[PDB]
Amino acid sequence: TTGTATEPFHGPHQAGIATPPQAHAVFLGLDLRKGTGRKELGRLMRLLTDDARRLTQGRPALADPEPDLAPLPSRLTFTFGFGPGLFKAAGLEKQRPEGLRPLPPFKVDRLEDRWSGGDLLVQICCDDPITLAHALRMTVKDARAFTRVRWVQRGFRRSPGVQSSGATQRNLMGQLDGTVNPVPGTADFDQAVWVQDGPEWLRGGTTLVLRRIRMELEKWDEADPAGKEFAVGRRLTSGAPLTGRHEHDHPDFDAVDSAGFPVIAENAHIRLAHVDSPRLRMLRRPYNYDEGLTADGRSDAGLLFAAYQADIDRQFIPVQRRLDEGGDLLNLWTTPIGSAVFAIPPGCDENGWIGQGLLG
């Protein structure tokens, strides 16, 4: 059995980023109440740090409402993030990274306030949904005095054991999703993900762009399979680039067909999203969402697109701009409906707390 497995809470980095993605996630987006300043934020982060320290190791939180749901942590992780409004409330604008601001508008955006922004992120990931539901309840119990819930975004991947660790998993459009990514345990990952410049408190942390992206599955069902593959640049079943044979063949962006047109389209998703330098790649760690049906049978499903990077301006915005300005073929069937940005602090040890280097 696997319920006893844990991920370390303490370390130079917060868990939940380099951690291989678990089967379930909740992204809890919180707005600070009017009276919540620097002193209140310290009290809150000390509470939440201790909750995570205990629950991730299968021990009840202090004042745990349901202590029997703490054992069997199933690789529970907490990742805390600070939005732009957190720095304002704390009086710490000078410590806010220049790039930590709401993203610029893109033509494809259909953003909704109810899925956007947020002052404080609690990202909770777990291989088990009961453990996760309990961790969320404890988080809200300790946060409620200081914050209001702005949004809660629940997502899933494959259940534990359904696919081998490291095997690429499919999204709700049926596509293999996650082939090209920095790999933990390599110097390129550390360069791409962990902050080294800017405000000193953030060194060893990262940044997160969280975009709720709706999938237009009724339109997708009506699309021709050859057109679906051409829009991405990869085949559906194998995941191989259209220029290759296996999933991990490198896409050949110079290849042309017998008539001279690019094999991978000028506006194919993977062409527009690609960056040459491995050190500038974003870490994509997405979850799928599926929520409810209209009376005439239309789905409400999509992707919780979570991208982690050391620098939003250098590693996220240029890619998103190329997708938008290049007219990504995938935009015919996907629509951004929420967007939020967070600075993710470095990790802590025992006797410390998440955010201590900024708020303490």
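Numbering starts at 1 and follows the sequence shown.
According to the PDB record, 216-224 carries the higher mean C-alpha B-factor of the two stretches 216-224 and 153-161. For the pair 332-340 and 345-353, the mean B factor over Cα atoms is greater in 345-353. Within the listed group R284, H134, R96, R75, the record reports its top CA B-factor for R96. The PDB entry assigns its highest CA temperature factor, among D119, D290, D254, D128, to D254. Among the modelled residues of the chain, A63 sits in the highest third by CA temperature factor in this PDB entry. For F230, the recorded CA temperature factor ranks within the middle third of the chain's modelled residues.
For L47, the recorded CA temperature factor ranks within the middle third of the chain's modelled residues. Residue-level temperature factors show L176 in the lowest third of its chain, judged at the C-alpha atom. In the PDB entry, a CA B factor belonging to the middle third of its chain's modelled residues is recorded for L32.
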